[PDB]
Each structure stands twice: as C-alpha cells, then as structure tokens.
Amino acid sequence: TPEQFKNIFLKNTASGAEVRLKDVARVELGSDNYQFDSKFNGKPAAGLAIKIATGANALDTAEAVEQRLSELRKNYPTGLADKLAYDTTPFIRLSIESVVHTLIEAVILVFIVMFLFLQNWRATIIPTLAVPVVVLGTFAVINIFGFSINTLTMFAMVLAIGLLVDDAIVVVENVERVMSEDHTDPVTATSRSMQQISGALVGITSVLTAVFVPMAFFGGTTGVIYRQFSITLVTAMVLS
Amino acid sequence: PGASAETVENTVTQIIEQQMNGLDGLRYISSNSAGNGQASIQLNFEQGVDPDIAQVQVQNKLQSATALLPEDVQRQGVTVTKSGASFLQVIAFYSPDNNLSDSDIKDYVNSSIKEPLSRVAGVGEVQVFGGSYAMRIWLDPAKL
Amino acid sequence: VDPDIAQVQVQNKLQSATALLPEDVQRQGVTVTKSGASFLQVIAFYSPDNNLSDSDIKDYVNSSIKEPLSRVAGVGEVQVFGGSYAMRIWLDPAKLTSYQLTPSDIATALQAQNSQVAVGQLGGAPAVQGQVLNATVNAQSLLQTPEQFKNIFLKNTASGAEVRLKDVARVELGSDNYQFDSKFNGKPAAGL
Amino acid sequence: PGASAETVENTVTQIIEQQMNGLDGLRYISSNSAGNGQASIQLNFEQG
Amino acid sequence: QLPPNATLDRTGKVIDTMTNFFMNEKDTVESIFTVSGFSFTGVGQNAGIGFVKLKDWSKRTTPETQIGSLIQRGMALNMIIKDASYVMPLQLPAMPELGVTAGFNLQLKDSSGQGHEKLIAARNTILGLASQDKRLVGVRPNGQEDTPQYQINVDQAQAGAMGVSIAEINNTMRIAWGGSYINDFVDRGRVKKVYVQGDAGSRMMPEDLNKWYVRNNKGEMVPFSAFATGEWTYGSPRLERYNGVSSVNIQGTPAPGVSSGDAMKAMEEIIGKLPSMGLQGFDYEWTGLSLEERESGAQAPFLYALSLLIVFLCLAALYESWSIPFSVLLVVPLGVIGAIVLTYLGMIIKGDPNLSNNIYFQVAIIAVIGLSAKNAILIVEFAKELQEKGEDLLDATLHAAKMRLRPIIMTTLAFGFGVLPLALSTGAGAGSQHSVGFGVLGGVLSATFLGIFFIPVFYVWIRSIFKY
Amino acid sequence: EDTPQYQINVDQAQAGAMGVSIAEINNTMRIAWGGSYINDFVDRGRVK
Amino acid sequence: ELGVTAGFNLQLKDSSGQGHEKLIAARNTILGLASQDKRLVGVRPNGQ
Ligand SMILES: CN(C)[C@@H]1C(=O)C(C(N)=O)=C(O)[C@@]2(O)C(=O)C3=C(O)c4c(O)c(NC(=O)CN5CCCC5)cc(F)c4C[C@H]3C[C@@H]12
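Chains as they are written, first to last, in UniProt numbering: chain A, 242 to 481; chain B, 50 to 193; chain C, 98 to 289; chain D, 50 to 97; chain E, 579 to 1046; chain F, 723 to 770; chain G, 675 to 722.
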C-alpha cells in the first residue's frame, strides 16, 4: 500500500529526528504511462489495437478474438463495456457476397443467351449441366494447391463461366444441326458430330489455356496477383 | 540515453545499417534517429522471402553488430521484431454510465484483457492506449 | 545442416553463459560468426610517400570506405584488417608516488569525469495545469580532445595547489590495438 | 537458490511470463514455482 | 499534426474540436476513437490520431453521405482549426496490408550530401510548388519538423573544482527530471512497478533546473546552476535515411477525378523543376504502394509479348504450319481495340479515375487476346481442312466462314454476357469488377463486329502468298 | 611449444605487515601492467 | 503425451486474483461436491 511506502526510513539528523520518505516526497498510486489520452465519442476510454501475425486469415483471427472476448466478458466489473471502434472485416465479408451474387447472375445470363440460340429445353440443359461440374472441380483442384476463396479467384471464376460452356456449346450445336440435316437418332447423330468437331474442341482448349500460362511465372506482388487468375483459369479450361 | 539525433545516427543507426547491407532478399531499408536517444531501422524484403528466415538472419547479423555499439547502448538492449503497419481492429473500453473510473478501466484492460487477447491465434501484436497502476513517488527538491 | 539455424542456435546458447564471464571480457564483446562464402578480392590502402601511418589508414578505411562499399550491388560482406583510434593514458610511476596517487585513482577520476548526462524534457508528460511548452533537454558532457583529458582534476596539494591528469601521465590519441604491424610493398597499409 | 516458492513466483515466473506474447502457433502455457528455488515454464504449440 | 513545442493539452483541444465536427455529421458518422500524443510518424505530444467509423453502407446511399464527400468536408478543418499544422482525413488503401493510407509515398534523397539545411530547403520548395498543382491535394511531410531545443552545457572544470562528479550529476538530474523505474511491487496478485521522479512543479521550465542540487565529494550540496548554463537552440528532432542516404518523406493524394499515375506524374514534373531553381543534386524514389504501382505498370509489355509468343508457338505445333499462326495473331488488334476504347469512354463519360490502365485491365487484355485467337482458330482450322480435302482456297474459306458464323457468335455472346454483371455491379469492391468487365466487354464487341470480317481476309491473303 | 614466463610472488604476510591489502596490490598491477578499458569518448562523431 | 496416464485434465483458474487461500477453498468445495453427487470416481487434486 502507499502507506507502507510513506514509512520507508531514509536517514537521521544530528539533532536526532528520523527522516522518512513522506518527509520528502508525495506518494500515490498513478499510471506507469502518461503519454497518451484516449477517448471514445468524446468520453475517456481505454483502446486495444490488434495487428495480425503475417500469414493469418483476417476473418479467422477476428472470429477467434471475438470468441475469447465473449468468454472474458463474464468477469467484467460492474460498469465496463466494450465496442469495436475500428474494424475491417465487414467490408471483406460484404465484398465476398458481392462477387458471389455476380457469379450467380452470370450463370443465369449465360443460360438465357444459350437458350436464345438453342431454342429447345433439351439442347439448352446440356451446356448448363457443365457449369456445376467445372466450377466445383476447379475449386477442388486449386485447393489441392493452397489457393483460397478470395476476391481474385472468384473474379476468375466469373470470367471463366463464359468460356467453360464453349466446348459444350460447340458439341451440342453440331448435334442439333446434324440431327436436323439428316434426320437420325440422337446416338448416331452424336457419333457423327464428335468425329466432325474434335479438332475444333482441341484448338479452342489449347489457345485459351496457353494465353493464361506465362502469367504464372512473374515474381513480386504482381506475380502473386497474377497467379490467382492464371491457375484458376487454366484448371477451368482443361476441365471444360 | 541522452544523445542527440546526430550522435545516434552516426554511432548506432549507421553501423547497424552497414551490417544489414547484404541480407538475402532485401528490398529497401528505412531508418530514423531521434533526439530522445532512439534509433529505428526497418528492413523490407522481396516477395517470397520467408519471414522466419529473415528474422533469424537479421539476428545473426545483429549479433556481431552489437559489439560495435556504444557500451551504454549495449546496456540498453536491442530488439528484433516482425510486424505489419495496419491495425486489423481497435476495441474501445469505456464506462457507458460513468460508474467505473478511467484509471480502473485502463488498469483492468492492462491486467486482465491484454495478455489473453495477445495470445489468440493470428494476433501478432497488441498496442494499448492507457496505462496500468504504478506506485508514484514525486520528490520535492527543497526537502531533498 | 542449415548454417543460419546452426548459428542462431549457438548464439542462443551463448546467452546462458554470458553472465558468468569476467566483466573485462564482457565489455570487449563476444561475437559469433558462421563460415559461409570466401574472399573475392583484397584491396590494400597504403601510403606510397610514407606520409600516413598504418593506424590512421586503418581508421580511415573504417570510417570512410567501409559503408560506401557495403552498399554495392552484389557485396555480401566487407571486412577491414584493423581498427580505429583510442585515447591513450600512459602513466608515470614516480610522478604518481610524488602526489601519493595510484592507477585506480586515475581510473576512478576518468570514469567520474567523462560521462553522458541524460536529463529529460521541459513540460514532461504529467505536466502542470497551463503548461505552455514541451521541449527536449540535451546535455553535452563527453570529452572529445586530448586537452580535455589532460585537464582532468585529480586532487589538491597540501599547499593549496591543483594536480591534474597531465601531471602524472602522457595523454595521446593512439591505436585500439598495438599487436600488429602491416605493410604493402614495404610501406604502411590497411587491408579490405 | 535459497528462495521460497512465493519469491520465485513474484521475482521470476511472472517477469518471464509477461513477455510470452506474440508467439506464432501457441496453445497454452503451464508454469510452476517450487520452494527449492526452481521456476519452470512450458510453452505448447499447435500442430505443424 | 501541431506546431513545434506543442503540449498534450493543446493537442487534446484540437482533438476536441475535431471530434465534434465528426460527431455532428450525423447522417454519415457512427463513432470516433481518438488518441492524443500518438501518430503513425511517431510518439510526441504534438501528434494525434482519430479512428472514424462511418455509418453502414445501406444508409449512406445519397451523394452527401459518400466517403469522399466527408473527406472533402473534413479537408476544411485545416482552414478552421488554427492551432494545428494539419488535420488530414485519409482513406485506407485497397490493400490495407500493403500500406497505411491511400496516396503516394515519396522519399526525397540527398544524393550529393549537401546537408540537412539544404535538404529541408528543397523539401519546402517542393511543397510550395505542389500546393499550386491542381492535380494534387493534401501534400504534406511525413516527419517531424525542426524544433527549438534546450541545450545544457556543463562546465567540466568548474564541476571538478567544486567536487562534483559528472556521473553523479547525471544520476541526480536523470532521476529528478526524467523519472526512473526502480523495482516492483505486488497489487492484487500482479507485479506492478514503482517509479521515482520529481514533482511536476519542479520540472516544467528551465528556471526549475535551479532548484536541484548535486552532492560533492565533501558531501556538501552545490546547486545545478553552479556548473551548468543552458541555452535555447534549433535542431532536428528526428533524422531519417532511406537506402543509406539522408532523406525526407513526402505524401499526398490525387485531386478528385485524377488517377494515381497522374498524381505520380505531377509529382515527378514538380521534382524536375528543382535544378532550374538552383537546387541541384537531389534524387527521389517511390516507396511503399507507389513502388508497387510503378513495378506493376512496368511489366505489362513483357506479359503481352510472352502471351502472344506462346499462342503463336502452340498454334504452330497444333496445325503444323507457320502461315496459320500468323493469320491468327494478325487479328488480335481488333479484339484489343474494343477493350481500350470502351475503357477510355467509360472513364470519360463516368468521370471515374478507377477505370484506367491497371492490373485488372491487364488481365482483361490477356482474356481478350484469348477470345480473338479462339474465334480465328474456329474459322481457319475448318478452312484448312476443307483445302486439304480438295477445294479452292476461297471456296474453303468462304464456306468455313458461313458454316462457323453461328457457333462463333453464340460463344462470343456467351462470354460477353458472362462478364456484363461485373460492369453493372455496385458496392463492396465494384471498382475492380468494373475494370475487368469494361475491358472484356468492349473487346467482345469489337471482336464480334470487326474481327469476324478480318479473319477470312487475312487468311486468304497469307495463303495466297504461301500456297498449298 | 612452451616458453619462459615470469611469475610474481607477493608475500601476503609482508603486505599485511606493511598495511597494504592484497586487493590493492592486485588492482595496481592489473592497471599498470595489463592496461584497462575505462569508457568511450566521441571523436569526430564516432565512438572510440 | 503426459507424465502419467489420466483423463479429464481440468485446470481451475483464479481469475480476478482472489488469493491462494481462496483458490484452495474453492477447489476444496469442488472436490467435496465431486465425490458426493454422481458419475465421478477418484477425483483428486494433483500437486503438493
Ligand atoms: C591480405 N590477403 C592478401 C591475405 C590472403 O591473400 C589470404 C587468402 N587469399 O587466402 C588470407 O587467408 C587472408 O584473407 C587472411 O586469412 C587474413 C585474416 O584473417 C587476418 C585476421 O583475421 C586478423 N585478426 C584480427 O583480429 C585483427 N583485428 C584488427 C582489429 C583488432 C584485431 C589479422 C590479420 F592481420 C589478418 C590477415 C589476412 C590476410 C589475407
């Protein structure tokens, strides 16, 4: 206690009096730091500012912090409250949702235009059925290599939606024409179609895969940004 | 302690800088020397350099650097840290009803909250605003 | 074995023994290095007119050439074969016995009368109400020249006289080490 | 050497523990102070 | 930032005024957390910071409540708050990892080693000129100004004569004025600290240095005034070096409607004027996010060259030809023309500086190259096979164009409708989406109206030069 | 290989008889003959 | 993975610093209720 510190003995006078610490100093319990004054909405407050360790997922870290804090809250003194004054994760979550909505919209629009050109529901369903397969397989493959779900890889997926349905559109369109041209059964007609269009399929795939390949070999921050688009798109085209 | 900014730059900042010239994937160095007596040197690295390897290498060079320093500096200690500039969050602690004092809130944040939060997974560093309790002995030079 | 990891582990162990070392040893400095890469070239800096001593050259290589060369595109390490100046106090025994002084007395006066003074700040953090100014107070105290060391005070004589360092010793700028003498092509030199 | 367990806790264990922040991958810390003068602090890390 | 020698009270008063302004902007601002005595530059009493949370995006949907409107409104606190050096409302960079604030980051170096006075002279010229450029706003130093300092000069000879140990005076003055942590004590089971320092009234002014005494070897007490004088000076509180050279740091922002590249160009124009004004031998470097911007922009030509090369070589490998690859790569300009034209027009008729030559534009350009190659290959591989089967070059090529027109156009429209959602997006990162979408969709349009016409003509020309 | 060396032999007894502590004798020899580093001074902006 | 085999390693923490006597008393209340009520065999405190 401060009283004990007030009583520390210091020296003795020639007359005989005993000099204590209170005789020369003022003792009180104060701060160990007097260089900051923090307020919240104009009212006195205390602040903790957290920085992430390099290599950590911000959303994960923020969830863990809120968990630990909610645990700690149970022993607050009467009258203590807290509140996030500055926080970045709302924007991150919002922008992920933004990209996902635009991806769904992309799919719907592509289906509509394919219907505009393939006038039937049967013809229309085949290139549509390709989308789930290629999207989900691409996620599986790129996760094998450590790529996450971020804004860039989702942009790549949206950009790919309109390329992955290509080989399918070519195939289905050749079948429909062949079936119309010589009226033959779907099975025979299809065998004839593939024999016609295999070279075009390979050429399409080769060019679209090749354009995005050199991108994956640049260094720096720019190379890291590039690799997302590169790897995602390459996997999408091979899978298609 | 006690040195002017020029003395700090000449005697501390420059020699440590010279030692760091020759790290593996170094991109640029930024340093400042202050007149309270402090020196700060921030080393930036190329993309794809492993942070832990960079830290160990910086310590390996600092080991020999620290003998070339003024003996008082040596007594003070040198620190090595890895951290980023941006804050992920800021939490505000306050008394909505004004029935817990500010000294108490500040102390409570420092004694019961700061350490457990700085040990959550992913947190790299915690910066606290408002100090903890201390026993303050304020002297009267007339009575001394 | 990863050489960087081996080096950090060794110096980490070395922390555990530093406190047991002698103070004199401790102050000089214990350094740890790994083997690594070899010499590309050695530059010799010399005085072809025998105008500069080896020590000044060494001191000159260390304070002027070292840091510009370290920043060159591909340099890993720059090392000098030698050091810089020192202030040198050379004591006389008979003079010390005249004034009844000892080497420890001179040492005490040297450590007492050569220091840096730290002060603080004007208007420091827990300031008074209405404080108007905040500034830093710096106090320059360390000595710089042989004349200042010569004029250090030791004691007074019985007959009210003043006895300084210069009365028992020869103050000098000299080398931090005297154990080696190096020449290039026969004349004073320092190696990089 | 020569210290009571309480002395070891106040003058060594808490001083050493108050710097054990900012360690990547840490799960928990267990420390003890014994009356023979020994302080032990065990730091446990996540897998990997 | 506050002028030199400014105390915590004055910094806090500026913050009180500054706080209310944000607090009164009720349709835009949720809360503000402020700290006096702390800044990103460093810790001093004349620095301070504010963290300002705006209301939710759902509510701030009118023009008045946009982040940039508030930034402009706050940029008048410089004019109204008169005790501050500057009060700067700033934004986070797109990637908060890579920086601390949005803007440019410039290091002014003293290449010729002229000195701190000359370096400051150059910096002040730069700031003066940048004040007059209409393309820049908020250009400021990011480092502490030169300040008055109090210098004590201790008279060693007098102290030695008086019996005073310079180490003893160090100890006493250090503890009294600066404070010193001695040892710990326990409070509720936690170890805290004990400090000893002089009382506040004794350590405010230089005249209080005359209240402190030092014990001499005889043990008597001689005042500090006996062997110390004191003087006011002028000096630098914080010296900086960038890349082993003395330097200063300048930061700013582009004015509304101006790109980051244009801000950097304006700054470099300004810096070039220095020698003409007599100040010679100063260099600069771009650091931070500006350094990343320059490096990303530098390498687009190499990305384009490499992608075109690989397309050429794979197409040569797949059709065992040299003429077919040249025909294919000859129509890449027509795809690329739409991408650039639509991007530029969108920037001009939307006034958006984000629609520009950036990283997202670069990936869009590679994508457009790919689409153009795809369309070409579709026509030409069928033309070539028709010629091998036995058919005039023109008959084969016209037939192939006729036969493939339908699949080419429906695939190109599929791609173009895929990316249209990006161009029409809103909120939460719509700038990046706009760059990608505008580039790709423009490319799709020119490829559909210009490319298909040019594929057959280039094919027939090339194949007429190199027959069979 | 081993080389001649010189050993100093100080009678503790005479020193005690003569009023000199063994510690004083040790320190005198140490500084006089061995040399000693005391502290630093800043010559032209560099520490020596 | 442990000094000796055991299950249900529980740790009782003295949040808000009550003291050692209080912590022991709280532990003792716990240990008393553990034996007496249900589904518990051999509940004991570990250290000295
Ligand atoms: C010069 N060059 C042609 C040689 C060469 O051609 C070859 C080669 N090509 O192999 C060699 O090996 C060399 O590089 C080499 O081995 C040497 C050193 O190490 C070394 C040393 O370490 C210390 N040690 C100290 O402490 C000195 N400090 C100064 C301040 C206090 C003490 C003192 C010292 F004279 C040397 C000499 C060099 C010689 C050098």
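The beta carbon of each residue, even a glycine, is placed where N, CA and C say it ideally should be.
So which residues of chain B does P318 (chain A) contact, with C-beta pairs closer than 8 Å? For the purposes of this step, residue 318 (chain A) is taken as the residue at position 77 of the first sequence. Taking a Cβ-Cβ threshold of 8 Å, the residues of chain B close to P318 (chain A) are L149, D153 and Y157, in chain order.
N159 (chain C) CB to nearest heavy atom of ligand 1 below 6 Å: Here residue 159 (chain C) is taken as the residue at index 62 of the third sequence, counted from 1. Not so, every heavy atom of ligand 1 lies at least 6 Å from the Cβ.
Does at least one heavy atom of ligand 1 sit under 6 Å from the Cβ of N274 (chain C)? Residue mapping note: residue 274 (chain C) aligns to position 177 of the third sequence, counting from 1. Yes, the beta carbon of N274 (chain C) sits closer than 6 Å to at least one heavy atom of ligand 1.
What residues of chain B sit near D762 (chain F), judged by a beta carbon separation below 9 Å? In the sixth sequence, counting from the first residue as 1, residue 762 (chain F) sits at position 40. Here the neighbours are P119, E120 and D121.
Please determine if the stretch 901-909 of chain E and the stretch 946-956 of chain E are in contact, where contact requires at least 3 C-beta pairs separated by less than 8 Å. By the Cβ test, the stretch 901-909 of chain E is in contact with the stretch 946-956 of chain E, since at least three Cβ pairs between them sit closer than 8 Å.
Cα separation between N59 (chain B) and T302 (chain A)? Taking the second sequence and counting its residues from 1, the one referred to as residue 59 (chain B) is at position 10. Taking the first sequence and counting its residues from 1, the one referred to as residue 302 (chain A) is at position 61. Taking the straight line from one Cα to the other gives about 42 Å.
Does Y812 (chain E) pass the burial test, meaning 16 or more other C-beta atoms within 10 Å, or should it be called exposed? For the purposes of this step, residue 812 (chain E) is taken as residue 234 along the fifth sequence, with counting starting at 1. With a threshold of 16 other beta carbon atoms within 10 Å, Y812 (chain E) falls short and is exposed.
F386 (chain A) by DSSP, collapsed to three states: which one? Stepping through the first sequence from its first residue, residue 386 (chain A) is reached at position 145. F386 (chain A) carries a coil assignment under DSSP once its states are collapsed to helix, strand and coil.
For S272 (chain C), which beta-bridge partners are listed by DSSP? Position 175 of the third sequence, counted from the first residue, corresponds to residue 272 (chain C). Answer is C:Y182, bridged to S272 (chain C).
Based on the DSSP output, what are the partners of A88 (chain B) in its beta bridges? As a first step, residue 88 (chain B) is located in the second sequence; it is residue number 39 there, counting from the start. Under DSSP, the beta-bridge partners assigned to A88 (chain B) are B:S82.
My output table needs one value for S113 (chain C): the three-state DSSP class, helix, strand or coil. Counted from its first residue, the third sequence places residue 113 (chain C) at position 16. Residue state, collapsed to three classes: helix.
Are there 16 or more other CB atoms within 10 angstroms of the CB of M355 (chain A), so buried, or fewer, so exposed? As a working mapping, residue 355 (chain A) is identified with position 114 in the first sequence. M355 (chain A) comes out buried.
Nearest neighbour of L75 (chain D), chosen from B:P165, B:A54 and B:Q112 [CA to CA]: What you label residue 75 (chain D) is simply residue 26 of the fourth sequence in a count that begins at 1. Distances from the alpha-carbon of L75 (chain D) to those of B:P165, B:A54 and B:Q112 put B:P165 closest.
Since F611 (chain E) meets chain B, which of its residues come closer than 8 Å, beta carbon to beta carbon? Residue mapping note: residue 611 (chain E) aligns to position 33 of the fifth sequence, counting from 1. Per Cβ cutoff of 8 Å: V139 and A141.
Nearest-angstrom Cα separation, counted from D264 (chain A) out to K192 (chain B): For the purposes of this step, residue 192 (chain B) is identified with residue 143 of the second sequence, where counting begins at 1. For the purposes of this step, residue 264 (chain A) is identified with residue 23 of the first sequence, where counting begins at 1. Looking at the two C-alpha atoms, the distance is approximately 8 Å.
Taking CB distances under 7 Å as the criterion, tell me whether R124 (chain B) reaches chain E. On the second sequence, position 75 is the one that residue 124 (chain B) refers to. Not a single C-beta of chain E is nearer than 7 Å to the C-beta of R124 (chain B).
Could you tell me which of E:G691, E:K591, E:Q940 and E:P726 sits nearest to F1016 (chain E), measuring between CA atoms? As a position in the fifth sequence, residue 1016 (chain E) is number 438, starting the count at 1. For the residues E:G691, E:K591, E:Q940 and E:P726, the minimum Cα distance to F1016 (chain E) belongs to E:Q940.
Specify the secondary structure class of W1039 (chain E) as computed by DSSP and reduced to three states. Here the question's residue 1039 (chain E) lines up with position 461 in the fifth sequence. In this structure, DSSP gives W1039 (chain E) a helical state, which the three-state scheme calls helix.
Taking 6 Å as the cut-off, is the C-beta of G173 (chain B) nearer than that to any heavy atom in ligand 1? Against the second sequence, residue 173 (chain B) aligns to sequence position 124. No, Cβ of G173 (chain B) sits at least 6 Å from all heavy atoms of ligand 1.
Any Cβ of chain I within less than 7 Å of the Cβ of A978 (chain E)? Protein chains A, B, C, D, E, F and G are contained in the structure displayed, whereas chain I is not.
Tell me, please, which residues DSSP counts as bridged to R816 (chain E). Counting from one through the fifth sequence, the residue named residue 816 (chain E) turns up at place 238. DSSP, once it has assigned bridges, lists B:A83 as partnering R816 (chain E).
My understanding is that residue 87 (chain C) touches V229 (chain C), with C-beta atoms under 8 Å, so please give their C-beta distance in whole angstroms. Nothing in the structure corresponds to residue 87 (chain C), since chain C is present only between 98 and 289.
Beta-carbon proximity check, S80 (chain D) vs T56 (chain D), cutoff 7 Å: What you label residue 80 (chain D) is simply residue 31 of the fourth sequence in a count that begins at 1. What you label residue 56 (chain D) is simply residue 7 of the fourth sequence in a count that begins at 1. Contact annotation: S80 (chain D) and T56 (chain D) have beta-carbon atoms that are not nearer than 7 Å.
So, is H342 (chain A) buried or exposed, given that buried needs 16 or more other C-beta atoms within 10 angstroms? Position 101 of the first sequence holds residue 342 (chain A). With fewer than 16 other Cβ atoms within 10 Å, it is exposed.
Taking Cβ-Cβ distances shorter than 7 Å, what residues in chain A pair up with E174 (chain B)? Within the second sequence, numbered from 1, the residue matching residue 174 (chain B) stands at position 125. Here the neighbours are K292.
How far does the beta strand (DSSP E) with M666 (chain E) in it reach, from first residue to last? Position 88 of the fifth sequence holds residue 666 (chain E). No beta strand (DSSP E) contains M666 (chain E), which DSSP labels as neither H nor E.
Can you tell which of A:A266, A:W362, A:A258 and A:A364 has its C-alpha closest to the C-alpha of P243 (chain A)? Here the question's residue 243 (chain A) lines up with position 2 in the first sequence. The residue with the shortest Cα to Cα distance from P243 (chain A) is A:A266.
Of all the options E:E603, E:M666, E:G968 and E:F682, which has the alpha carbon lying nearest to the alpha carbon of residue 1063 (chain E)? This structure cannot settle anything about residue 1063 (chain E), because the visible part of chain E is limited to 579 through 1046.
Using a Cβ-Cβ distance under 7 Å, would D407 (chain A) count as near chain E? Within the first sequence, the letter at position 166 stands for residue 407 (chain A). With 7 Å as the cut-off, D407 (chain A) counts as an interface residue toward chain E.
Leaving out five residues on either side along the sequence, give the residues of the same chain with a beta carbon under 7 Å from the beta carbon of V158 (chain C). For the purposes of this step, residue 158 (chain C) is taken as residue 61 along the third sequence, with counting starting at 1. Once the five neighbours on either side are set aside, the close Cβ partners of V158 (chain C) are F142, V177, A287 and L289.
Checking contacts by CB at 7 Å: is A326 (chain A) closer than that to chain E? Within the first sequence, numbered from 1, the residue matching residue 326 (chain A) stands at position 85. With respect to chain E, the C-beta atom of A326 (chain A) has a partner C-beta closer than 7 Å.
At a threshold of 6 Å, does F178 (chain C) count as lining ligand 1 (C-beta to nearest heavy atom)? Position 81 of the third sequence holds residue 178 (chain C). Yes, ligand 1 has a heavy atom inside 6 Å of this Cβ.
Tell me whether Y897 (chain E) sits in a helix, a strand or coil according to DSSP, three-state version. Here residue 897 (chain E) refers to the residue found at position 319 when the fifth sequence is read from its first residue. Three-state result, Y897 (chain E): helix.
If you measure beta-carbon to beta-carbon, which residues of the stretch 55-88 of chain B are closer than 8 Å to chain F? Under the 8 Å Cβ criterion, the stretch 55-88 of chain B contributes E55, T56, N59 and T60.
Using only alpha-carbon positions, find the residue among B:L72, B:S144, B:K110 and B:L118 that is nearest to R168 (chain C). In the third sequence, the residue the question calls residue 168 (chain C) occupies position 71. Among B:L72, B:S144, B:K110 and B:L118, the Cα nearest to that of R168 (chain C) is on B:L72.
State the beta-bridge partners of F281 (chain C) as determined by DSSP. Sequence index remark: in the third sequence, residue 281 (chain C) carries index 184 (1-based). By DSSP's assignment, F281 (chain C) forms a beta bridge with C:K284.
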